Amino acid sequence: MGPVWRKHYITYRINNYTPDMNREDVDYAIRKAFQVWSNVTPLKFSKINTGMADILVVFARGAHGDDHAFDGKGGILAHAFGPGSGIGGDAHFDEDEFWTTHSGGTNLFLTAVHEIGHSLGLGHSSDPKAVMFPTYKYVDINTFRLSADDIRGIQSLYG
């Protein structure tokens, strides 16, 4: 349950870029992460560079202006606010992690799929195979799929 977006057109904006990855790789990871969720819902996501986006994507360090401070390398990798105005929906990634396109460090795509889950109103899964399982663990992103539980979860919220 919990809050949900009351529209099917949702915008996002990348507030800033980790220096860990090149810009196009960050854009790609985020775009593909939204696509994962749009593939199984009526939701559509558009990136904007100018304007008032629903979901702000932010990389930040330690105490960064909200009530969910980061903890340096390891521990919490990211956090996101559920649907709502203002800071609602926004997804924040811990810059003290080393973000990657791959298995080294912390994979941005996989983390973003999880965080966008939260941005859309999903909670955690008890399926060790679900992207909404509470702890990060790398899986081959080339064959990544939502689990049936993730799909049940998001379809119960939208459509």
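Only the largest set of C-alpha atoms that superpose within 1.5 Å between the two forms is called the rigid core. The first residue of the shown sequence is 1; numbering continues from there.
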Higher Cα RMS in 6 other deposited structures of this protein relative to the shown form (core alignment), 23-31 or 60-68, goes to 60-68
Should one compare 48-56 and 32-40 by root mean square Cα distance from the shown form in 6 other deposited structures of this protein, core superposed, the larger belongs to 48-56
Comparing mean C-alpha B factor in the record for 139-147 and 9-17, the higher one is 139-147
The stretch carrying the higher mean Cα B factor in the deposited entry, 29-37 or 45-53, is 45-53
Scanning 125, 103, 119, 111 for peak Cα temperature factor in the entry gives 103
Top Cα B-factor in this entry, restricted to 90, 96, 67, 115, sits on 67
The third of the chain into which the C-alpha temperature factor of residue 1 falls is the highest
